[PDB]
């Protein structure tokens, strides 16, 4: 079943219920996931209207870009030339800058394929928008299937050499309530390295660190409590996790990560090289979600993308997008229920 309704400020809410009766919903404000529920229990964090996102936090569930993450001093090099992108966090360009793609109303079209339903959101980033060369014609297709598979398929094409590395900013919280820490969830992650941050500004420090024998080694499932409790300089620095993890084996077929709570689990697949994990290290902020005051550690992201900091650590990758080249990205979140 498909249902579309007003979500506020002219935005729409497209709700998809699969054969199993699982519900997922997205809004064109930011080509964003709003909710994901099973048996009346929320799996992710989300708000109840457009205003909340714009007033409270515009990142949750959104498509963020054109470049996800922090870009040092807002600087990228394009065709040997420096370009300063819009600076929204101190001198850094965070998730594409101020009033980026996550705050725009994207156009969209729904395609019902039976066992699968797709919602194709579209938006054009004008040449020069927030400093980014273009125009960039972008699309983000969010699909939901009878097997409880939520897929994100990105496509983009630029009229000019530019940079492109968007991501999905959903926050999971299998407790189905923001006031409950994800400390009790188990996390498995197929990455043997992480990218340390330099300091409170959060720019990449410059090195790649081996995570073997650290509280950040999740190759073997472990309770997030372990990481939250760690004395690791990197953990103390952010008061949780806020880092890029480097995947050991690339390709969409491999289950890159798994998040579990009791009988419920979410598997992560992507064709991207890294997963940026942020554990909602908000302290006392207490942002309200469904009337629940959010707790420190009340959520966790799995931002599949090329790792931030490639401007300083080329080994991480190259987010360059040449004119006329067809950018593609695929990320899958698969829901399972232990029976």
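Residue numbers count along the first chain shown, from 1.
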Quiz item: Given the B-factors recorded for C-alpha atoms, which segment has the greater mean, 7-15 or 321-329?
Solution: 321-329
Self-check item: Per the entry, higher mean C-alpha B factor between 70-78 and 214-222
Solution: 214-222
Exercise. Please work out which residue in 152, 119, 227, 170 has the highest C-alpha B-factor recorded for this crystal structure.
Key: 227
Quiz prompt | Criterion, highest CA B-factor; candidates, 147, 127, 109, 180 | solution = 180
Self-check item: CA B-factor placement of residue 206, once the chain's modelled residues are sorted into thirds
Solution: highest
Self-check item: Lowest, middle or highest third - CA B-factor, residue 290
Solution: highest
Quiz item: Ranked by Cα temperature factor within the chain, is residue 189 in the lowest third, the middle third or the highest third?
Solution: middle
Quiz prompt | Chain third (lowest, middle, highest) by recorded CA B-factor, residue given as residue 37 | solution = lowest
Quiz item: residue 95's Cα B-factor: lowest, middle or highest third of the chain?
Solution: lowest
